[PDB]
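Source file run_24.txt; content: compact mmCIF, C-alpha atoms and all ligand atoms.
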```
# COMPACT_ATOMS: atom_id res chain seq x y z
CA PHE A 1 12.28 -77.85 -152.42
CA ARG A 2 13.65 -74.89 -150.37
CA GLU A 3 17.34 -75.00 -151.61
CA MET A 4 19.07 -74.94 -155.09
CA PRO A 5 19.32 -78.51 -156.56
CA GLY A 6 22.84 -79.78 -155.71
CA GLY A 7 23.26 -76.16 -154.51
CA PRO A 8 25.87 -73.44 -155.23
CA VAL A 9 26.51 -71.08 -152.24
CA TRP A 10 28.88 -68.20 -151.36
CA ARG A 11 32.09 -69.51 -149.63
CA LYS A 12 32.55 -66.14 -147.81
CA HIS A 13 30.27 -63.98 -145.59
CA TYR A 14 31.26 -60.51 -146.96
CA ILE A 15 29.22 -60.12 -150.21
CA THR A 16 29.10 -57.05 -152.54
CA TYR A 17 26.47 -55.58 -154.89
CA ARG A 18 26.37 -52.93 -157.63
CA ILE A 19 23.35 -51.25 -159.25
CA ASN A 20 24.41 -51.26 -162.95
CA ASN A 21 21.74 -48.74 -164.01
CA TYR A 22 18.54 -47.31 -162.45
CA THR A 23 14.89 -47.61 -163.62
CA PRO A 24 13.19 -44.31 -164.77
CA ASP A 25 9.90 -45.47 -163.11
CA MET A 26 11.17 -44.60 -159.56
CA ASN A 27 13.19 -41.99 -157.61
CA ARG A 28 16.94 -42.98 -157.38
CA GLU A 29 16.82 -43.08 -153.54
CA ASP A 30 13.75 -45.41 -153.69
CA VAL A 31 15.53 -47.95 -156.00
CA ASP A 32 18.43 -47.72 -153.49
CA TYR A 33 16.14 -48.27 -150.46
CA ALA A 34 14.21 -51.15 -152.14
CA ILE A 35 17.47 -53.08 -152.87
CA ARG A 36 19.00 -52.14 -149.43
CA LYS A 37 15.87 -53.45 -147.57
CA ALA A 38 15.76 -56.57 -149.86
CA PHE A 39 19.37 -57.45 -148.86
CA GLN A 40 18.50 -56.67 -145.15
CA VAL A 41 15.62 -59.24 -145.26
CA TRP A 42 18.28 -61.92 -145.96
CA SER A 43 21.13 -60.60 -143.68
CA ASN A 44 18.68 -60.69 -140.69
CA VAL A 45 18.77 -64.56 -140.81
CA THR A 46 22.39 -65.54 -141.82
CA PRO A 47 26.12 -64.66 -141.25
CA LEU A 48 26.07 -62.72 -144.60
CA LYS A 49 26.99 -58.99 -144.91
CA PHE A 50 25.85 -56.96 -147.98
CA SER A 51 27.63 -53.83 -149.35
CA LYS A 52 26.86 -51.47 -152.28
CA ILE A 53 29.83 -50.44 -154.51
CA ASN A 54 29.93 -47.84 -157.34
CA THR A 55 32.86 -48.94 -159.64
CA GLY A 56 34.58 -52.28 -160.52
CA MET A 57 33.26 -55.89 -160.34
CA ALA A 58 30.66 -56.92 -157.70
CA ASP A 59 29.50 -60.39 -156.52
CA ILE A 60 25.84 -59.47 -157.35
CA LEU A 61 25.01 -57.10 -160.24
CA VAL A 62 21.50 -55.51 -160.16
CA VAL A 63 20.45 -54.67 -163.77
CA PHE A 64 17.41 -53.11 -165.52
CA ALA A 65 16.90 -54.28 -169.14
CA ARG A 66 14.15 -55.06 -171.74
CA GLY A 67 13.73 -57.73 -174.44
CA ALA A 68 16.94 -59.63 -175.26
CA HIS A 69 19.69 -58.52 -172.78
CA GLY A 70 22.72 -60.88 -173.24
CA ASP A 71 21.73 -64.26 -171.67
CA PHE A 72 19.32 -67.16 -172.59
CA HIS A 73 16.59 -65.44 -170.42
CA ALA A 74 15.19 -62.80 -172.85
CA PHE A 75 12.43 -60.46 -171.59
CA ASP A 76 9.15 -59.98 -173.34
CA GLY A 77 7.32 -56.57 -173.14
CA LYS A 78 4.80 -55.58 -170.39
CA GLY A 79 3.72 -58.54 -168.23
CA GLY A 80 5.14 -62.05 -168.70
CA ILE A 81 8.76 -62.07 -167.35
CA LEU A 82 9.43 -59.29 -164.76
CA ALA A 83 12.92 -60.53 -163.66
CA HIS A 84 15.55 -63.34 -163.57
CA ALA A 85 18.47 -64.13 -161.19
CA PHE A 86 21.55 -66.38 -161.45
CA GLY A 87 22.83 -68.73 -158.69
CA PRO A 88 26.03 -68.05 -156.60
CA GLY A 89 29.34 -68.15 -158.53
CA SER A 90 31.77 -66.00 -160.56
CA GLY A 91 31.01 -63.45 -163.34
CA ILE A 92 27.29 -63.64 -164.33
CA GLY A 93 26.78 -65.77 -161.15
CA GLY A 94 24.73 -64.01 -158.44
CA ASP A 95 23.37 -61.39 -160.89
CA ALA A 96 19.75 -60.11 -160.68
CA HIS A 97 18.22 -58.78 -163.96
CA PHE A 98 14.83 -56.90 -163.93
CA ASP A 99 12.50 -56.05 -166.89
CA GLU A 100 12.17 -52.33 -167.78
CA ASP A 101 8.86 -52.64 -169.73
CA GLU A 102 7.39 -53.24 -166.23
CA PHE A 103 6.55 -50.26 -163.98
CA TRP A 104 8.63 -50.40 -160.77
CA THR A 105 7.23 -48.95 -157.52
CA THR A 106 7.75 -48.31 -153.79
CA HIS A 107 4.08 -49.12 -153.15
CA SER A 108 1.11 -51.57 -153.57
CA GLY A 109 0.31 -50.37 -157.13
CA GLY A 110 2.56 -51.17 -160.14
CA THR A 111 5.50 -53.61 -159.56
CA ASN A 112 7.01 -53.64 -156.02
CA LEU A 113 10.83 -53.76 -156.51
CA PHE A 114 11.63 -54.62 -152.82
CA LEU A 115 9.37 -57.74 -152.83
CA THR A 116 10.60 -58.94 -156.30
CA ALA A 117 14.23 -58.31 -155.28
CA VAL A 118 13.73 -60.50 -152.13
CA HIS A 119 12.93 -63.53 -154.41
CA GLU A 120 15.57 -62.95 -157.15
CA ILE A 121 18.31 -61.97 -154.58
CA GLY A 122 17.08 -65.18 -152.83
CA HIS A 123 18.15 -67.10 -155.99
CA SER A 124 21.40 -64.94 -156.03
CA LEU A 125 21.98 -66.53 -152.56
CA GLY A 126 21.20 -70.11 -153.82
CA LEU A 127 17.56 -70.66 -152.65
CA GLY A 128 15.34 -73.28 -154.32
CA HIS A 129 11.53 -72.92 -154.07
CA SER A 130 8.89 -73.57 -151.40
CA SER A 131 5.56 -75.33 -152.29
CA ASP A 132 3.57 -73.22 -149.75
CA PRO A 133 1.55 -70.10 -150.92
CA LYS A 134 2.74 -68.26 -147.72
CA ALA A 135 6.44 -68.38 -148.80
CA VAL A 136 8.42 -65.66 -150.69
CA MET A 137 10.42 -68.42 -152.49
CA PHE A 138 7.08 -69.96 -153.59
CA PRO A 139 6.49 -69.96 -157.44
CA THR A 140 3.89 -67.12 -156.70
CA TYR A 141 4.47 -63.51 -155.56
CA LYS A 142 1.59 -62.00 -153.62
CA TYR A 143 1.52 -58.31 -152.68
CA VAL A 144 1.91 -58.01 -148.89
CA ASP A 145 2.07 -54.76 -146.89
CA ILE A 146 5.83 -54.01 -147.15
CA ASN A 147 5.70 -51.98 -143.89
CA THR A 148 4.99 -55.23 -141.87
CA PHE A 149 6.92 -57.78 -144.07
CA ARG A 150 8.20 -61.15 -142.70
CA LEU A 151 9.84 -64.22 -144.30
CA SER A 152 7.84 -67.48 -144.04
CA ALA A 153 9.17 -70.33 -141.86
CA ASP A 154 9.91 -72.43 -145.06
CA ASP A 155 12.06 -69.51 -146.44
CA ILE A 156 13.98 -69.29 -143.12
CA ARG A 157 14.38 -73.15 -143.28
CA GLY A 158 15.80 -72.75 -146.83
CA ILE A 159 18.33 -69.93 -146.23
CA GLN A 160 19.50 -71.46 -142.88
CA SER A 161 20.12 -74.79 -144.77
CA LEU A 162 22.68 -72.95 -147.03
CA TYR A 163 24.26 -70.52 -144.47
CA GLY A 164 24.92 -70.95 -140.69
CA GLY B 1 43.81 -100.22 -172.34
CA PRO B 2 40.75 -99.85 -170.04
CA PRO B 3 38.40 -96.77 -170.26
CA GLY B 4 38.49 -94.14 -167.48
CA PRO B 5 35.69 -93.33 -164.94
CA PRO B 6 32.57 -91.15 -165.51
CA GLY B 7 33.12 -87.39 -165.19
CA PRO B 8 31.79 -85.28 -162.26
CA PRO B 9 28.04 -84.34 -162.44
CA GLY B 10 27.17 -81.17 -164.44
CA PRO B 11 26.70 -77.70 -162.84
CA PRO B 12 23.12 -76.85 -161.71
CA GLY B 13 20.79 -75.17 -164.22
CA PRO B 14 19.94 -71.43 -164.01
CA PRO B 15 16.83 -70.38 -162.01
CA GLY B 16 13.44 -69.99 -163.72
CA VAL B 17 12.15 -66.68 -165.16
CA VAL B 18 9.30 -64.70 -163.44
CA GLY B 19 5.73 -65.53 -164.70
CA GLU B 20 2.83 -63.39 -166.07
CA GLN B 21 2.05 -60.20 -164.02
CA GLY B 22 -1.40 -59.98 -162.34
CA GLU B 23 -4.19 -58.09 -164.19
CA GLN B 24 -5.26 -54.55 -163.14
CA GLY B 25 -7.69 -54.40 -160.19
CA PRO B 26 -11.43 -53.86 -160.92
CA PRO B 27 -12.50 -50.15 -160.98
CA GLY B 28 -14.25 -48.91 -157.80
CA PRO B 29 -18.06 -48.58 -157.33
CA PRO B 30 -19.78 -45.23 -158.18
CA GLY B 31 -19.55 -42.74 -155.27
CA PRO B 32 -22.39 -41.87 -152.76
CA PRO B 33 -25.39 -39.75 -154.02
CA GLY B 34 -25.23 -35.90 -153.96
CA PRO B 35 -26.49 -33.94 -150.87
CA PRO B 36 -29.95 -32.20 -150.64
CA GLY C 1 46.73 -101.88 -169.44
CA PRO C 2 46.43 -98.59 -167.43
CA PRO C 3 42.83 -97.31 -166.84
CA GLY C 4 42.01 -93.91 -168.42
CA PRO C 5 41.49 -90.48 -166.78
CA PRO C 6 37.88 -89.31 -165.96
CA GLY C 7 35.50 -87.92 -168.62
CA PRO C 8 34.43 -84.20 -168.86
CA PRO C 9 32.32 -82.73 -165.94
CA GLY C 10 28.74 -83.35 -167.33
CA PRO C 11 26.33 -81.04 -169.29
CA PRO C 12 24.88 -78.19 -167.11
CA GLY C 13 21.35 -78.69 -165.75
CA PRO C 14 18.36 -77.50 -167.86
CA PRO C 15 16.84 -74.08 -166.85
CA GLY C 16 14.20 -73.89 -164.08
CA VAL C 17 10.46 -73.73 -164.97
CA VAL C 18 8.71 -70.43 -165.97
CA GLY C 19 6.43 -68.87 -163.28
CA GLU C 20 2.58 -69.19 -163.26
CA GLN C 21 0.18 -66.14 -163.36
CA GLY C 22 -0.21 -63.21 -160.88
CA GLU C 23 -3.27 -62.85 -158.66
CA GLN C 24 -5.57 -60.05 -159.88
CA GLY C 25 -5.35 -56.52 -158.40
CA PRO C 26 -7.45 -55.51 -155.34
CA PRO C 27 -10.74 -53.67 -156.28
CA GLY C 28 -10.71 -49.86 -156.45
CA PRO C 29 -11.96 -47.55 -153.64
CA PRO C 30 -15.58 -46.22 -153.93
CA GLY C 31 -15.81 -42.86 -155.80
CA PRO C 32 -16.24 -39.35 -154.24
CA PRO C 33 -19.81 -38.17 -153.29
CA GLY C 34 -21.91 -36.95 -156.26
CA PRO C 35 -22.70 -33.38 -157.45
CA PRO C 36 -25.38 -31.29 -155.60
CA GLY D 1 43.31 -95.78 -171.11
CA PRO D 2 40.58 -93.86 -173.07
CA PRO D 3 39.31 -90.56 -171.37
CA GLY D 4 36.00 -91.88 -169.87
CA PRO D 5 32.19 -91.11 -170.13
CA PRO D 6 31.34 -87.28 -170.36
CA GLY D 7 29.64 -87.09 -166.89
CA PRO D 8 26.07 -87.17 -165.41
CA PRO D 9 23.61 -84.37 -166.43
CA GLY D 10 23.57 -81.43 -163.97
CA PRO D 11 20.59 -80.77 -161.58
CA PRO D 12 17.70 -78.90 -163.42
CA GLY D 13 17.24 -75.41 -161.83
CA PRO D 14 14.58 -74.01 -159.37
CA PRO D 15 11.56 -72.10 -160.94
CA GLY D 16 10.37 -68.52 -161.63
CA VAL D 17 7.73 -66.82 -159.42
CA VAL D 18 4.38 -65.46 -160.76
CA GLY D 19 4.64 -61.86 -161.89
CA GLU D 20 3.76 -59.18 -159.33
CA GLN D 21 0.14 -58.99 -158.08
CA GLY D 22 -2.18 -56.81 -160.18
CA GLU D 23 -2.33 -53.01 -160.13
CA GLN D 24 -4.47 -51.01 -157.78
CA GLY D 25 -8.08 -50.80 -159.05
CA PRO D 26 -8.92 -47.22 -160.28
CA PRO D 27 -11.07 -45.18 -157.78
CA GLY D 28 -14.76 -45.30 -158.79
CA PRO D 29 -16.46 -42.41 -160.67
CA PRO D 30 -18.16 -39.62 -158.58
CA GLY D 31 -21.71 -40.39 -157.35
CA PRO D 32 -25.13 -39.60 -158.96
CA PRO D 33 -26.63 -36.04 -158.55
CA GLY D 34 -28.53 -34.98 -155.37
CA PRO D 35 -32.37 -34.70 -155.01
CA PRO D 36 -34.15 -31.66 -156.68
CA CA E 1 28.26 -61.69 -160.38
CA CA E 2 7.93 -58.58 -169.24
CA CA E 3 9.73 -49.38 -166.49
ZN ZN E 4 20.04 -61.71 -168.21
ZN ZN E 5 12.06 -68.41 -158.50
```

Would you mind writing the file's structure down as structure tokens?
Amino acid sequence: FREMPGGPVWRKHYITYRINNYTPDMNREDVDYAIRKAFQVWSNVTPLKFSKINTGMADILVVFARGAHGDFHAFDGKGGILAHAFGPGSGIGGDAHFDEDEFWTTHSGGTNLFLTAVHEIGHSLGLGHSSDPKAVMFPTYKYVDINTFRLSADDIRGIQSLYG
Amino acid sequence: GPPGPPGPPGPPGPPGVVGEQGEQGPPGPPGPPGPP
Amino acid sequence: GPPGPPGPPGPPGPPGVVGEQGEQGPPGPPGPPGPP
Amino acid sequence: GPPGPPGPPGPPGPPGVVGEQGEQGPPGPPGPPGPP
């Protein structure tokens, strides 16, 4: 089901993001590069353009939080929930929230922020889910060598059914 | 007077929350024996 | 009589399903060679 | 006319994703001592 049901999308190509706060698990420039490369995975395959901003309102807020954090999607200590997105739209729409009890990383150990951000930014773009274990929008993350990363064909089918 | 039509369909629901994190990898085998 | 205006725009969709469980971590590298 | 039925239920949202694959396995302990 590779697209949001009914499906909200962005009605413009120039999209913005803001990092609300940073995780203490990582270097600041590695949180930056994880989110920058996670947006690049999706701009490679659509008309969309993604820009970081440092004050005011953004289309997509990136947030680190733990436990209850102001929507009906409360986090839950180490393990269990590691993140949640919201679909395209105003205010809380588009926003990607990540759990701070988890240990965020650049690498194969811990919790790989780039790979998680590809799925939850994928929902911030209006993706559904694939039913194939090879897909990034599948209901299962697998660790894959981030240095050689590719979308699956069913993820490219999904995002190209919403944009272009 | 006659009732009006049904409303538009509701907005889509929010996306699902991430599931349980994988368990820590098994510890490695003991290293090779000491040299003579 | 005149037919009414439409009803309100439907209740929002229920939230998406919670994720399943992470695959277990890859096994550790073999240890360093033992003491002489 | 009366203001209509309150609209069809919205589409239920797309799911989670299993939490990140398990940690690296710890490197094994150093090997057993060499031959006397
Ligand atoms: Ca937003
Ligand atoms: Ca958690
Ligand atoms: Ca943390
Ligand atoms: Zn939230
Ligand atoms: Zn999902």

Using all C-alpha atoms paired in order, least-squares fit chain D onto chain C and give me the moved copy as a short mmCIF file (atom, residue, chain, number, x, y, z; two decimals) with C-alpha atoms, keeping the file's coordinate frame.
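Below is the file that was written, selection_38.cif:
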```
data_model
loop_
_atom_site.label_atom_id
_atom_site.label_comp_id
_atom_site.auth_asym_id
_atom_site.auth_seq_id
_atom_site.Cartn_x
_atom_site.Cartn_y
_atom_site.Cartn_z
CA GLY D 1 47.05 -101.29 -167.94
CA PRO D 2 46.15 -98.27 -165.70
CA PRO D 3 42.31 -97.58 -165.28
CA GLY D 4 41.93 -94.66 -167.78
CA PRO D 5 40.79 -90.93 -167.74
CA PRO D 6 37.71 -90.22 -165.41
CA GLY D 7 35.27 -89.40 -168.30
CA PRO D 8 33.86 -86.28 -170.09
CA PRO D 9 31.77 -83.77 -168.02
CA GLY D 10 28.00 -84.44 -168.21
CA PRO D 11 25.58 -82.14 -170.18
CA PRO D 12 24.63 -78.99 -168.09
CA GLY D 13 20.84 -79.07 -167.33
CA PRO D 14 17.85 -77.13 -168.86
CA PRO D 15 16.69 -73.91 -166.98
CA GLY D 16 14.01 -72.75 -164.49
CA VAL D 17 10.92 -70.78 -165.65
CA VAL D 18 10.01 -67.28 -164.33
CA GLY D 19 7.81 -67.42 -161.25
CA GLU D 20 4.05 -67.29 -161.80
CA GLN D 21 2.55 -64.08 -163.26
CA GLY D 22 1.59 -61.43 -160.69
CA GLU D 23 -1.51 -61.46 -158.49
CA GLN D 24 -4.83 -60.03 -159.49
CA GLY D 25 -4.90 -56.23 -158.95
CA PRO D 26 -7.21 -55.29 -155.99
CA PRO D 27 -10.66 -53.88 -157.08
CA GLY D 28 -10.63 -50.05 -156.96
CA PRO D 29 -12.17 -48.09 -154.04
CA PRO D 30 -15.90 -47.05 -154.29
CA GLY D 31 -16.60 -43.86 -156.30
CA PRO D 32 -16.92 -40.20 -155.12
CA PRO D 33 -20.27 -39.00 -153.56
CA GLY D 34 -23.27 -37.95 -155.74
CA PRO D 35 -24.37 -34.32 -156.48
CA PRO D 36 -26.16 -32.33 -153.64
#
```

Could you check which of D:31, D:26, D:21, D:36 is closest to chain A, using only C-alpha atoms?
-> D:21

Give me, as a compact mmCIF listing (two decimals) with C-alpha atoms, in the frame of the given file, all polymer residues having an atom no more than 7 Å from segment 118-122 of chain A, counting all atoms listed in the file and skipping those fewer than 4 positions away in the same chain.
```txt
# COMPACT_ATOMS: atom_id res chain seq x y z
CA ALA A 38 15.76 -56.57 -149.86
CA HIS A 84 15.55 -63.34 -163.57
CA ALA A 85 18.47 -64.13 -161.19
CA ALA A 96 19.75 -60.11 -160.68
CA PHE A 114 11.63 -54.62 -152.82
CA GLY A 126 21.20 -70.11 -153.82
CA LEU A 127 17.56 -70.66 -152.65
CA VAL A 136 8.42 -65.66 -150.69
CA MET A 137 10.42 -68.42 -152.49
```

At most 12 Å from ligand ZN 5 (chain E) (only C-alpha atoms and all ligand atoms): residue list as a PyMOL selection string = (chain A and resi 1-4+81-87+96+116-131+135-141) or (chain B and resi 14-19) or (chain C and resi 15-20) or (chain D and resi 13-19)

If you measure from atom CA of residue 142 of chain A to atom CA of residue 34 of chain A, what distance in Å do you get, rounded to one decimal?
->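 These atoms are spaced 16.7 Å apart.
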
What do you get as an MDAnalysis selection string if you pick all residues at most 7 Å from ligand CA 3 (chain E), counting all atoms listed in the file?
-> chainID A and resid 23:25 100:104

Pairwise distance for atom CA of residue 9 of chain C and atom CA of residue 93 of chain A, rounded to one decimal in Å | 18.5 Å

I'd like a table as a tab-separated table: residues in chain A with an atom no more than 6 Å from ligand CA 2 (chain E), each row giving the shortest atom pair and its distance in Å to one decimal, only C-alpha atoms and all ligand atoms counted, sorted by chain and rising residue number.
```
residue	atom	partner	partner_atom	distance
A:75	CA	E:CA2	CA	5.4
A:76	CA	E:CA2	CA	4.5
A:77	CA	E:CA2	CA	4.4
A:78	CA	E:CA2	CA	4.5
A:79	CA	E:CA2	CA	4.3
A:80	CA	E:CA2	CA	4.5
A:81	CA	E:CA2	CA	4.1
A:82	CA	E:CA2	CA	4.8
A:99	CA	E:CA2	CA	5.7
```

Using all atoms listed in the file, which of the listed residues (A:156, A:41, A:60, A:65) sits closest to ligand ZN 4 (chain E)?
->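 Under the stated criterion, the closest residue is A:65.
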
Near-ligand residues for ligand CA 1 (chain E), threshold 9 Å, all atoms listed in the file, as a PyMOL selection string = chain A and resi 17+57-61+86+88-96+124

Atom pair atom CA of residue 28 of chain C + atom CA of residue 31 of chain A, distance 26.3 Å

Determine, for each residue of chain A having at least one atom at most 8 Å from an atom of ligand ZN 4 (chain E), the closest pair of atoms and their separation in Å to one decimal, counting only C-alpha atoms and all ligand atoms; order by chain and ascending number, as a tab-separated table.
```
residue	atom	partner	partner_atom	distance
A:68	CA	E:ZN4	ZN	8.0
A:69	CA	E:ZN4	ZN	5.6
A:70	CA	E:ZN4	ZN	5.8
A:71	CA	E:ZN4	ZN	4.6
A:72	CA	E:ZN4	ZN	7.0
A:73	CA	E:ZN4	ZN	5.5
A:74	CA	E:ZN4	ZN	6.8
A:84	CA	E:ZN4	ZN	6.7
A:85	CA	E:ZN4	ZN	7.6
A:96	CA	E:ZN4	ZN	7.7
A:97	CA	E:ZN4	ZN	5.5
```

Enumerate, as number ranges by chain, the protein, DNA and RNA residues whose atoms approach (-3.1, -64.6, -161.1) to within 7 Å, taking into account all atoms listed in the file and the coordinate frame of the file.
-> B: 22; C: 21-24

Non-local contacts of residue 7 of chain D (12 Å; only C-alpha atoms; under 4 positions in same chain excluded) as an NGL selection string = (:B and (4-11)) or (:C and (6-13)) or (:D and (3))

Draw an axis-aligned box tight on the listed atoms of segment 12-20 of chain D, then pad every side by 3 Å and write out centre and edge lengths in Å to one decimal as AutoDock Vina command-line options.
```
--center_x 10.7 --center_y -69.0 --center_z -161.4 --size_x 19.9 --size_y 25.7 --size_z 10.1
```

Slice of the block: segment 4-20 of chain B, N, CA and C atoms, as a compact mmCIF listing (two decimals), in the first residue's frame:
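Output file decode.txt is given in full below:
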```txt
# COMPACT_ATOMS: atom_id res chain seq x y z
N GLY B 4 -30.16 17.80 4.36
CA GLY B 4 -29.03 18.00 3.45
C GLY B 4 -28.19 16.74 3.19
N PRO B 5 -27.21 16.82 2.26
CA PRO B 5 -26.36 15.69 1.90
C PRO B 5 -25.37 15.28 3.01
N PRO B 6 -24.77 14.08 2.91
CA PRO B 6 -23.63 13.70 3.75
C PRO B 6 -22.47 14.69 3.61
N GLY B 7 -21.75 14.92 4.70
CA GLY B 7 -20.51 15.69 4.67
C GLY B 7 -19.40 15.05 3.81
N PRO B 8 -18.32 15.79 3.51
CA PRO B 8 -17.09 15.22 2.96
C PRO B 8 -16.53 14.09 3.85
N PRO B 9 -15.74 13.14 3.30
CA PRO B 9 -15.03 12.16 4.12
C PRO B 9 -14.00 12.82 5.05
N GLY B 10 -13.80 12.22 6.23
CA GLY B 10 -12.82 12.67 7.22
C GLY B 10 -11.38 12.76 6.70
N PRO B 11 -10.52 13.58 7.33
CA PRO B 11 -9.08 13.58 7.06
C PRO B 11 -8.46 12.19 7.31
N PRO B 12 -7.36 11.82 6.64
CA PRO B 12 -6.65 10.59 6.95
C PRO B 12 -6.14 10.57 8.40
N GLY B 13 -6.00 9.37 8.96
CA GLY B 13 -5.38 9.18 10.26
C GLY B 13 -3.88 9.47 10.25
N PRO B 14 -3.27 9.75 11.42
CA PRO B 14 -1.83 9.89 11.54
C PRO B 14 -1.11 8.56 11.27
N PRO B 15 0.17 8.60 10.85
CA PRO B 15 0.96 7.40 10.62
C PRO B 15 1.22 6.64 11.94
N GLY B 16 1.52 5.36 11.81
CA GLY B 16 1.81 4.48 12.93
C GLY B 16 3.16 4.79 13.58
N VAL B 17 3.28 4.49 14.88
CA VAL B 17 4.52 4.65 15.65
C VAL B 17 5.48 3.48 15.41
N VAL B 18 6.79 3.77 15.42
CA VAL B 18 7.88 2.77 15.28
C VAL B 18 7.73 1.63 16.31
N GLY B 19 8.09 0.40 15.95
CA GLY B 19 7.95 -0.80 16.78
C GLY B 19 9.18 -1.10 17.65
N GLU B 20 9.17 -2.21 18.39
CA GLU B 20 10.26 -2.58 19.31
C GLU B 20 11.63 -2.71 18.62
```
